[PDB]
Amino acid sequence: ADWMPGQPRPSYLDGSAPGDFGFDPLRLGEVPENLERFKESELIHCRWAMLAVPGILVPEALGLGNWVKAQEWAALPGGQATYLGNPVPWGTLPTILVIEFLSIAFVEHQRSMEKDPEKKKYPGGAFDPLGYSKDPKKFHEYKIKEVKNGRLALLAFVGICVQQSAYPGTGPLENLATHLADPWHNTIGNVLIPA
Amino acid sequence: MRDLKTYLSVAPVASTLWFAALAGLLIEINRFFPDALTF
Amino acid sequence: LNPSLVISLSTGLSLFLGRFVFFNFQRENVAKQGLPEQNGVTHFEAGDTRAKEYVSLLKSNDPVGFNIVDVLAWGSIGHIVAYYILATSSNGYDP
Amino acid sequence: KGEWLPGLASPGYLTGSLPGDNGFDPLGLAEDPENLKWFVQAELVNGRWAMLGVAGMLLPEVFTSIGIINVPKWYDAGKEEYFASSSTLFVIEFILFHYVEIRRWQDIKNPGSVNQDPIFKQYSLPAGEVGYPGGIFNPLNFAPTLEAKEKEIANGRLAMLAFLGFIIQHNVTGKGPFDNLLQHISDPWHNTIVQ
Amino acid sequence: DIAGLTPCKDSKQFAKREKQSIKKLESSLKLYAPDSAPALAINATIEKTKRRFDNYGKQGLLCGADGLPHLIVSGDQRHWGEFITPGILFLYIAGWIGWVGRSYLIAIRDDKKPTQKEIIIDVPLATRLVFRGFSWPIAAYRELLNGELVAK
Ligand code: CLA
Ligand SMILES: CC(/C=C/C=C(C)/C=C/[C@@]12O[C@]1(C)C[C@@H](O)CC2(C)C)=C\C=C\C=C(C)\C=C\C=C(C)\C=C\[C@@]12O[C@]1(C)C[C@@H](O)CC2(C)C
Ligand SMILES: CC(/C=C/C=C(C)/C=C/[C@@]12O[C@]1(C)C[C@@H](O)CC2(C)C)=C\C=C\C=C(C)\C=C\C=C(C)\C=C\[C@@]12O[C@]1(C)C[C@@H](O)CC2(C)C
Ligand SMILES: CC1=C[C@H](O)CC(C)(C)[C@H]1/C=C/C(C)=C/C=C/C(C)=C/C=C/C=C(C)/C=C/C=C(C)/C=C/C1=C(C)C[C@H](O)CC1(C)C
Ligand SMILES: CC1=C(/C=C/C(C)=C/C=C/C(C)=C/C=C/C=C(C)/C=C/C=C(C)/C=C/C2=C(C)CCCC2(C)C)C(C)(C)CCC1
């Protein structure tokens, strides 16, 4: 097993699946049909966090709004969503709320009707315009690069969420700023060890 | 004598001796360290 | 908020969803777990004469078979979503 | 091999094979061979840390008393101010030990399975006994002889006893270990468990 | 403080209770000559009463409106002496008794007439097993890990 040298890997994880480093200490994927669903579910999680982590960091580096401040314009009656400074001419709460439900539910239900298991996770066609999946050897290389970047993104999202939990209101980049103030005092040590 | 040592090992006899010893021990701990509510 | 606009937009979308986007899935699942059975046999087949499926109502000349029960079902969800939006906007709740 | 109690039948699982066998397991803690295997490693690691700590506790106090250095007493050194917060120190101590001890662990579970560098994969420990990694951990290439292992274990057992003494002696006398010794040398027959 | 209580060392009803208790014993004390055996005995109870109340105050016990100590067993670290600590001691001793008890039934289970060592204790055998209890957590965990503790 690569994920923990000297540890025997589960017998159903042989390293062929992209990102199969033999990690499954609870043996969740011992039921083969669950393993395949879990493969699909992991990629879906990976691709969302890979979109979100830029979305959480890029606007904080730029104009006002850490990923939590970008959401406090709703809730309280009023509604004045601003994209890149300009208040978008439709950024009221019920407008995007319906648009989000209708658009996301439609494309998510469409995803669920695919019967083929390999197209459930690697559909291709329109979503592979540049033909990156044409080469079978190169196809599998990008499969691993996808899952590894996606697991890193999921890991970053957890940090973002857990950091927010510890320093409410702050943003992840402000956390890094506060860290670089004096790294030997502004650490997770304060969180793990109060005062 | 070996018959007597067998009898002294019978369930009731071994029990009183065991529990007598136990009671003496607990009584003396309570005479030396009385009124212990914590620990 | 215009009530007629909210109600008829909600019902419109719900009816649209049930006819064009969710129809196959709902039909597939009804076929999957079909009529209720007692001891391996439908209630009607067991003698519950009052348990006869009303094929007359279920008939429809709609291309996909969207019938009057579908209109009642998806039309009900629309009215429920509509009146949730209307009542929720009628108050001045602050979280 | 040795007898901790002349004329007393050694436990039969203590066969003269392990360095430090003096027949001492009167409570039978180690009759199961897998307990014995684990307790051997546990004695090595407790004895090695005791030797480092007891040296770090006693010897600095001796050199302050002489006057060549001036360092806090061991039970005061936590109070001092250091370039980094003590909670910061703990987090890095946890992370570094977590890596290093899981690695020691793997080799107990699966001897040899973790002797090679995972990053610079051309470097490796040579094959050896568990609890005695050698190679770069023995840069002066001392022969890990039976005598050396027996001296290692004797010194570890003595330091473990001494550490036990430092702890009990401090919570009884308030002072430090070299202080208790100097006070005892003064007039021994009156300062000897009269506290 | 915890659960609206106050430390017994600050509690007025706690102090009242000690006072009413000593006054009770002194009403009996005044019956007897000061050298007499009853006077010494009642005085011994009085000193023990005084030791007890100061001891509960110094151990950090919380008191209620009743003036009596109330134990905090939630896990709170100021009150481990009220449950966690004597409880660990109980489990250590209880497991010792049970592990020794099982050692004896196992030791005699393959004997000729096993019920004979159940009504007539083989005391020599028992003196040899009595100290297996010292390490029951390690021994019981070890029999688990290698299929020896539970039958299939
Ligand atoms: C070797 C001794 C021994 C051991 C290890 C156990 C172990 C167990 N018993 Mg059992 N039990 C025993 C003796 C023992 N019992 C005796 C003598 C009786 C008759 C009173 C019972 C009656 C009994 C009942 C009614 C129940 C249990 C239950 C249980 C289980 C849960 C714990 C419990 O409720 O304790 C309870 C313990 C008792 C009620 C009394 C036993 C305490 C005695 C004093 C210990 C044995 C002393 C023995 C003489 C030692 C001699 C050894 C010496 C020669 C070296 C656990 C498997 C419960 C269960 O099945 O849960 C799943 C349950 O419902 N037991
Ligand atoms: C990390 C988490 C998954 C972690 C699960 C792992 C650890 C499970 C590990 C194990 O199971 C294995 C593998 C094997 C078992 O044997 C053992 C265990 C240990 C059980 C998924 C998070 C998944 C997180 C993803 C899905 C979140 C996507 C969020 C996006 C939509 C956010 C968008 C926005 O953030 C922007 C962009 C801007 C903001 O202003 C507004 C909002 C809307 C907030
Ligand atoms: C780990 C070791 C101590 C290491 C301590 C070091 C790191 C201290 C580091 C620091 O000091 C510095 C340098 C600087 C200070 O400012 C701070 C601290 C942080 C304090 C003690 C182990 C101490 C180990 C103890 C003493 C082990 C004793 C167990 C023995 C007695 C068992 C005997 C028997 O078990 C047998 C063998 C078999 C059975 O049959 C019979 C019985 C009788 C049960
Ligand atoms: C491996 C390696 C490899 C390479 O190659 C080579 C080399 C380098 C050689 C190596 C290294 C090694 C080293 C590290 C060693 C260390 C050791 C020490 C630490 C010991 C201590 C050791 C320790 C010791 C014993 C301890 C002892 C102690 C004592 C008894 C004490 C006593 C005391 C008491 C109690 C108390 C009082 O009051 C005081 C006193 C009196 C004082
Ligand atoms: C033929 C045709 C057509 C037509 C159709 C239409 C136009 C439809 C309509 C329909 C509709 C329009 C429907 C409706 C429905 C409705 C319903 C079905 C409702 C329900 C309701 C409910 C259920 C309610 C409830 C409630 C109440 C009562 C109170 C309050 C609360 C609530 C809300 C819950 C078209 C042109 C398209 C196409 C071609 C063909």
# chains A, B, ... in the order shown; residues from 1 in each chain; ligands from 1
>>> residues_near_ligand(ligand="ligand 1", cutoff="6 Å", atoms="only C-alpha atoms and all ligand atoms", output="compact mmCIF listing (two decimals) with N, CA and C atoms, in the first residue's frame")
# COMPACT_ATOMS: atom_id res chain seq x y z
N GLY E 98 -12.45 -10.59 38.25
CA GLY E 98 -13.09 -11.41 37.24
C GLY E 98 -12.08 -12.19 36.42
N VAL E 100 -9.07 -13.14 37.43
CA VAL E 100 -8.63 -14.24 38.29
C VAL E 100 -9.70 -15.32 38.37
N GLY E 101 -10.97 -14.92 38.46
CA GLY E 101 -12.03 -15.90 38.55
C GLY E 101 -12.10 -16.79 37.32
N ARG E 102 -11.96 -16.18 36.14
CA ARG E 102 -11.96 -16.95 34.91
C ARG E 102 -10.71 -17.82 34.81
N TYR E 104 -9.28 -19.38 37.11
CA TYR E 104 -9.46 -20.59 37.90
C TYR E 104 -10.44 -21.56 37.24
N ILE E 121 -12.08 -25.24 47.32
CA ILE E 121 -11.11 -24.42 46.60
C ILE E 121 -9.76 -25.11 46.62
N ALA E 126 -4.94 -21.36 43.48
CA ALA E 126 -5.50 -20.01 43.51
C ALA E 126 -4.44 -18.98 43.87
>>> residues_near_ligand(ligand="ligand 5", cutoff="9 Å", atoms="only C-alpha atoms and all ligand atoms", output="list in words")
residues 8, 11, 12, 15, 16, 62, 69, 70, 71, 72, 73, 74, 75, 76, 77, 78, 79, 80, 81, 82, 83 and 84 of chain C
>>> residues_near_ligand(ligand="ligand 2", cutoff="8 Å", atoms="only C-alpha atoms and all ligand atoms", output="PDB file with C-alpha atoms, in the first residue's frame")
ATOM      1  CA  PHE A  23      -6.525   3.656   1.498  1.00  0.00           C
ATOM      2  CA  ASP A  24      -9.765   2.221   2.857  1.00  0.00           C
ATOM      3  CA  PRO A  25      -9.222   1.451   6.561  1.00  0.00           C
ATOM      4  CA  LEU A  26     -12.961   1.125   7.197  1.00  0.00           C
ATOM      5  CA  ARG A  27     -13.399  -1.203   4.165  1.00  0.00           C
ATOM      6  CA  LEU A  28     -16.223   0.920   2.754  1.00  0.00           C
ATOM      7  CA  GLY A  29     -15.518  -0.241  -0.795  1.00  0.00           C
ATOM      8  CA  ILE A  44     -18.052  14.801  -8.402  1.00  0.00           C
ATOM      9  CA  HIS A  45     -16.783  16.016  -5.023  1.00  0.00           C
ATOM     10  CA  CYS A  46     -13.340  16.671  -6.514  1.00  0.00           C
ATOM     11  CA  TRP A  48     -16.822  20.941  -7.202  1.00  0.00           C
ATOM     12  CA  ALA A  49     -14.097  21.725  -4.685  1.00  0.00           C
ATOM     13  CA  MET A  50     -11.690  22.421  -7.545  1.00  0.00           C
ATOM     14  CA  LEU A  51     -14.114  25.082  -8.762  1.00  0.00           C
ATOM     15  CA  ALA A  52     -14.835  26.382  -5.261  1.00  0.00           C
ATOM     16  CA  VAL A  53     -11.276  26.835  -3.946  1.00  0.00           C
ATOM     17  CA  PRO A  54     -10.422  29.347  -6.706  1.00  0.00           C
ATOM     18  CA  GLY A  55     -13.830  30.929  -6.073  1.00  0.00           C
ATOM     19  CA  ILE A  56     -12.982  31.236  -2.380  1.00  0.00           C
ATOM     20  CA  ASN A  66     -13.993  36.789   1.634  1.00  0.00           C
ATOM     21  CA  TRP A  67     -16.135  33.773   0.695  1.00  0.00           C
ATOM     22  CA  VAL A  68     -18.309  34.400   3.779  1.00  0.00           C
ATOM     23  CA  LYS A  69     -18.637  38.146   3.220  1.00  0.00           C
ATOM     24  CA  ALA A  70     -19.695  37.435  -0.370  1.00  0.00           C
ATOM     25  CA  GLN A  71     -22.849  35.796   1.027  1.00  0.00           C
ATOM     26  CA  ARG A 151      -8.341  15.436  -3.272  1.00  0.00           C
ATOM     27  CA  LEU A 154     -11.213  18.880  -0.994  1.00  0.00           C
ATOM     28  CA  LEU A 155      -8.466  19.025   1.621  1.00  0.00           C
ATOM     29  CA  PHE A 157     -11.839  23.266   1.391  1.00  0.00           C
ATOM     30  CA  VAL A 158     -11.756  21.478   4.760  1.00  0.00           C
TER      31      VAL A 158
END
>>> atom_distance(atom1="CA of residue 9 (chain C)", atom2="CA of residue 82 (chain A)")
27.0 Å
>>> residues_near_ligand(ligand="ligand 4", cutoff="7 Å", atoms="only C-alpha atoms and all ligand atoms", output="PyMOL selection string")
chain D and resi 51-52+54-55+58+137-142+155-156+158-159+161-163+165-166+177-181
>>> write_last_selection(atoms="C-alpha atoms", output="CSV table (one decimal), in the first residue's frame")
chain,number,residue,atom,x,y,z
D,51,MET,CA,18.4,8.2,29.6
D,52,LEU,CA,18.0,11.3,27.6
D,54,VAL,CA,17.5,12.0,33.3
D,55,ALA,CA,20.7,13.3,31.7
D,58,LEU,CA,20.4,16.0,36.4
D,137,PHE,CA,21.2,5.9,13.2
D,138,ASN,CA,24.6,4.4,13.9
D,139,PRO,CA,26.9,6.8,12.1
D,140,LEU,CA,29.9,5.8,14.2
D,141,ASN,CA,29.3,2.1,13.2
D,142,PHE,CA,29.6,0.7,16.7
D,155,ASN,CA,21.5,2.0,31.7
D,156,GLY,CA,17.9,2.3,30.5
D,158,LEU,CA,18.7,2.6,35.9
D,159,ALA,CA,17.6,5.9,34.3
D,161,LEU,CA,14.3,4.1,38.2
D,162,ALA,CA,16.2,7.4,38.6
D,163,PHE,CA,13.5,9.3,36.7
D,165,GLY,CA,13.0,9.1,41.9
D,166,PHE,CA,13.3,12.7,40.5
D,177,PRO,CA,17.7,16.2,42.3
D,178,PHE,CA,21.2,17.4,42.8
D,179,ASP,CA,19.9,19.5,45.7
D,180,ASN,CA,18.5,16.5,47.4
D,181,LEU,CA,21.8,14.8,47.0
>>> residues_around(residues="region 102-119 of chain D", least_positions_apart="4", cutoff="12 Å", atoms="only C-alpha atoms", output="count of residues only")
36
>>> residues_near_ligand(ligand="ligand 3", cutoff="7 Å", atoms="only C-alpha atoms and all ligand atoms", output="VMD selection string")
chain D and resid 24 to 29 46 to 47 49 to 50 52 to 57 73 to 78 160 to 161 163 to 164
>>> select_by_dssp(residues="region 18-184 of chain D", states="alpha helix (DSSP H)", output="ChimeraX atom specification")
/D:33-66,86-109,146-173,177-184
>>> closest_residue(among="A:106, A:12, A:90, A:101", to="chain C", atoms="only C-alpha atoms")
A:106
>>> atom_distance(atom1="CA of residue 11 (chain D)", atom2="CA of residue 23 (chain D)")
6.3 Å
>>> residues_around(residues="region 55-59 of chain C", least_positions_apart="5", cutoff="9 Å", atoms="only C-alpha atoms", output="VMD selection string")
chain C and resid 65 to 69
>>> interface_residues(of="chain E", to="chain D", cutoff="9 Å", atoms="only C-alpha atoms", output="MDAnalysis selection string")
chainID E and resid 131:132 134:135 138:139 142
>>> write_last_selection(atoms="N, CA and C atoms", output="mmCIF file, in the first residue's frame")
data_model
loop_
_atom_site.group_PDB
_atom_site.id
_atom_site.type_symbol
_atom_site.label_atom_id
_atom_site.label_comp_id
_atom_site.auth_asym_id
_atom_site.auth_seq_id
_atom_site.Cartn_x
_atom_site.Cartn_y
_atom_site.Cartn_z
ATOM 1 N N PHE E 131 -2.319 -13.372 41.258
ATOM 2 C CA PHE E 131 -1.560 -12.238 40.735
ATOM 3 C C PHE E 131 -1.611 -12.095 39.220
ATOM 4 N N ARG E 132 -2.264 -13.028 38.505
ATOM 5 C CA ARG E 132 -2.587 -12.788 37.102
ATOM 6 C C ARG E 132 -3.480 -11.567 36.957
ATOM 7 N N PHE E 134 -3.193 -8.698 38.279
ATOM 8 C CA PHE E 134 -2.495 -7.420 38.212
ATOM 9 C C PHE E 134 -2.469 -6.857 36.797
ATOM 10 N N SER E 135 -2.444 -7.720 35.777
ATOM 11 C CA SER E 135 -2.239 -7.292 34.395
ATOM 12 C C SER E 135 -3.407 -7.654 33.489
ATOM 13 N N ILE E 138 -3.837 -6.144 29.914
ATOM 14 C CA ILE E 138 -2.935 -6.644 28.887
ATOM 15 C C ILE E 138 -3.246 -8.099 28.558
ATOM 16 N N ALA E 139 -3.477 -8.930 29.581
ATOM 17 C CA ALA E 139 -3.798 -10.325 29.303
ATOM 18 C C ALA E 139 -5.132 -10.449 28.576
ATOM 19 N N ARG E 142 -4.828 -9.422 25.057
ATOM 20 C CA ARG E 142 -4.018 -10.346 24.277
ATOM 21 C C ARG E 142 -4.811 -11.589 23.860
#
>>> interface_residues(of="chain D", to="chain A", cutoff="6 Å", atoms="only C-alpha atoms", output="JSON, numbers by chain")
{"D": [84, 85, 87, 88, 91, 106, 113]}
>>> residues_around(residues="residue 86 (chain C)", least_positions_apart="2", cutoff="12 Å", atoms="only C-alpha atoms", output="ChimeraX atom specification")
/A:94 /C:1-7,10,79-84,88-92
>>> write_last_selection(atoms="N, CA, C and O atoms", output="mmCIF file, in the first residue's frame")
data_model
loop_
_atom_site.group_PDB
_atom_site.id
_atom_site.type_symbol
_atom_site.label_atom_id
_atom_site.label_comp_id
_atom_site.auth_asym_id
_atom_site.auth_seq_id
_atom_site.Cartn_x
_atom_site.Cartn_y
_atom_site.Cartn_z
ATOM 1 N N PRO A 94 -34.540 35.741 -4.492
ATOM 2 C CA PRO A 94 -35.408 34.737 -5.132
ATOM 3 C C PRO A 94 -35.093 34.499 -6.597
ATOM 4 O O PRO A 94 -35.418 33.422 -7.110
ATOM 5 N N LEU C 1 -45.693 40.968 -4.270
ATOM 6 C CA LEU C 1 -45.768 39.735 -5.057
ATOM 7 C C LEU C 1 -47.183 39.475 -5.537
ATOM 8 O O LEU C 1 -48.116 39.454 -4.736
ATOM 9 N N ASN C 2 -47.335 39.267 -6.840
ATOM 10 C CA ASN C 2 -48.645 38.983 -7.405
ATOM 11 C C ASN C 2 -49.007 37.529 -7.135
ATOM 12 O O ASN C 2 -48.317 36.633 -7.632
ATOM 13 N N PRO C 3 -50.064 37.248 -6.366
ATOM 14 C CA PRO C 3 -50.369 35.836 -6.053
ATOM 15 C C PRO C 3 -50.608 34.992 -7.293
ATOM 16 O O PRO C 3 -50.008 33.911 -7.432
ATOM 17 N N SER C 4 -51.449 35.467 -8.209
ATOM 18 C CA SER C 4 -51.714 34.705 -9.425
ATOM 19 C C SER C 4 -50.433 34.448 -10.198
ATOM 20 O O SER C 4 -50.262 33.378 -10.790
ATOM 21 N N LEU C 5 -49.519 35.413 -10.206
ATOM 22 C CA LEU C 5 -48.291 35.211 -10.956
ATOM 23 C C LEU C 5 -47.428 34.161 -10.286
ATOM 24 O O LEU C 5 -46.836 33.310 -10.962
ATOM 25 N N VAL C 6 -47.357 34.197 -8.956
ATOM 26 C CA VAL C 6 -46.513 33.263 -8.221
ATOM 27 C C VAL C 6 -47.087 31.859 -8.304
ATOM 28 O O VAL C 6 -46.367 30.882 -8.559
ATOM 29 N N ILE C 7 -48.400 31.738 -8.118
ATOM 30 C CA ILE C 7 -49.037 30.433 -8.162
ATOM 31 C C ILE C 7 -48.925 29.836 -9.555
ATOM 32 O O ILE C 7 -48.553 28.667 -9.720
ATOM 33 N N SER C 10 -45.292 28.846 -10.389
ATOM 34 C CA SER C 10 -44.888 27.642 -9.669
ATOM 35 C C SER C 10 -45.512 26.406 -10.290
ATOM 36 O O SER C 10 -44.828 25.415 -10.560
ATOM 37 N N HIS C 79 -48.615 24.380 -6.343
ATOM 38 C CA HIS C 79 -49.388 25.193 -5.409
ATOM 39 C C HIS C 79 -48.775 25.201 -4.008
ATOM 40 O O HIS C 79 -48.873 26.206 -3.300
ATOM 41 N N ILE C 80 -48.131 24.108 -3.601
ATOM 42 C CA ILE C 80 -47.494 24.071 -2.291
ATOM 43 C C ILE C 80 -46.241 24.930 -2.291
ATOM 44 O O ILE C 80 -45.991 25.679 -1.346
ATOM 45 N N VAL C 81 -45.437 24.841 -3.352
ATOM 46 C CA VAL C 81 -44.257 25.688 -3.433
ATOM 47 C C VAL C 81 -44.662 27.150 -3.540
ATOM 48 O O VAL C 81 -44.058 28.020 -2.905
ATOM 49 N N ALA C 82 -45.713 27.440 -4.312
ATOM 50 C CA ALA C 82 -46.174 28.819 -4.447
ATOM 51 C C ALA C 82 -46.572 29.408 -3.098
ATOM 52 O O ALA C 82 -46.100 30.480 -2.710
ATOM 53 N N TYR C 83 -47.440 28.711 -2.359
ATOM 54 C CA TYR C 83 -47.915 29.259 -1.097
ATOM 55 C C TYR C 83 -46.834 29.260 -0.028
ATOM 56 O O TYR C 83 -46.949 29.997 0.954
ATOM 57 N N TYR C 84 -45.781 28.467 -0.195
ATOM 58 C CA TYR C 84 -44.640 28.619 0.692
ATOM 59 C C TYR C 84 -43.936 29.936 0.418
ATOM 60 O O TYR C 84 -43.616 30.679 1.346
ATOM 61 N N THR C 88 -44.086 33.043 3.072
ATOM 62 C CA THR C 88 -42.754 33.357 3.572
ATOM 63 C C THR C 88 -42.383 34.799 3.261
ATOM 64 O O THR C 88 -41.717 35.464 4.059
ATOM 65 N N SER C 89 -42.828 35.308 2.115
ATOM 66 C CA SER C 89 -42.604 36.710 1.801
ATOM 67 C C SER C 89 -43.569 37.633 2.539
ATOM 68 O O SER C 89 -43.217 38.783 2.818
ATOM 69 N N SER C 90 -44.772 37.154 2.886
ATOM 70 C CA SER C 90 -45.735 37.996 3.600
ATOM 71 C C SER C 90 -45.226 38.401 4.984
ATOM 72 O O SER C 90 -45.586 39.472 5.484
ATOM 73 N N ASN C 91 -44.424 37.564 5.631
ATOM 74 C CA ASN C 91 -43.923 37.949 6.937
ATOM 75 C C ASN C 91 -42.691 38.835 6.787
ATOM 76 O O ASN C 91 -42.177 39.061 5.687
ATOM 77 N N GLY C 92 -42.227 39.350 7.915
ATOM 78 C CA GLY C 92 -40.998 40.110 7.940
ATOM 79 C C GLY C 92 -39.979 39.449 8.840
ATOM 80 O O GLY C 92 -39.443 40.080 9.756
#
>>> interface_residues(of="chain E", to="chain B", cutoff="10 Å", atoms="only C-alpha atoms", output="PyMOL selection string")
chain E and resi 48-49+51-53+55-56+59-61+69+71+79-87+89+116-123
>>> residues_around(residues="residue 48 (chain C)", least_positions_apart="5", cutoff="12 Å", atoms="only C-alpha atoms", output="count of residues only")
7
>>> atom_distance(atom1="CA of residue 121 (chain A)", atom2="CA of residue 11 (chain A)")
23.0 Å
>>> select_by_dssp(residues="region 11-136 of chain E", states="strand (DSSP E)", output="compact mmCIF listing (two decimals) with N, CA, C and O atoms, in the first residue's frame")
# COMPACT_ATOMS: atom_id res chain seq x y z
N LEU E 62 -18.16 21.02 45.67
CA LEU E 62 -19.24 21.98 45.55
C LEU E 62 -20.39 21.56 46.43
O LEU E 62 -20.63 20.37 46.66
N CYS E 63 -21.10 22.57 46.94
CA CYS E 63 -22.23 22.41 47.84
C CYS E 63 -23.47 23.03 47.21
O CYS E 63 -23.38 24.01 46.47
N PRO E 69 -22.33 18.51 50.14
CA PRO E 69 -21.54 18.33 48.92
C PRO E 69 -22.34 17.55 47.88
O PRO E 69 -23.10 16.64 48.21
N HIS E 70 -22.21 17.98 46.62
CA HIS E 70 -22.86 17.42 45.46
C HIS E 70 -21.74 17.06 44.49
O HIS E 70 -20.87 17.89 44.23
>>> decode(residues="region 2-18 of chain A", atoms="C-alpha atoms", output="mmCIF file, in the first residue's frame")
data_model
loop_
_atom_site.group_PDB
_atom_site.id
_atom_site.type_symbol
_atom_site.label_atom_id
_atom_site.label_comp_id
_atom_site.auth_asym_id
_atom_site.auth_seq_id
_atom_site.Cartn_x
_atom_site.Cartn_y
_atom_site.Cartn_z
ATOM 1 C CA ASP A 2 1.380 3.367 -1.061
ATOM 2 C CA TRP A 3 -0.675 5.498 1.351
ATOM 3 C CA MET A 4 0.996 3.880 4.390
ATOM 4 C CA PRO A 5 4.235 1.980 3.677
ATOM 5 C CA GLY A 6 4.325 -1.475 5.265
ATOM 6 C CA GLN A 7 0.575 -1.689 5.586
ATOM 7 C CA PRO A 8 -1.127 -4.412 3.483
ATOM 8 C CA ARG A 9 -3.635 -2.975 1.029
ATOM 9 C CA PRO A 10 -7.237 -4.235 0.798
ATOM 10 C CA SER A 11 -7.559 -7.134 -1.605
ATOM 11 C CA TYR A 12 -10.022 -5.284 -3.860
ATOM 12 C CA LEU A 13 -7.629 -2.322 -4.314
ATOM 13 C CA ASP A 14 -4.838 -3.392 -6.678
ATOM 14 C CA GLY A 15 -3.617 0.041 -7.719
ATOM 15 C CA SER A 16 -5.167 0.094 -11.184
ATOM 16 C CA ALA A 17 -7.971 2.562 -10.467
ATOM 17 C CA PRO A 18 -6.768 6.188 -10.729
#
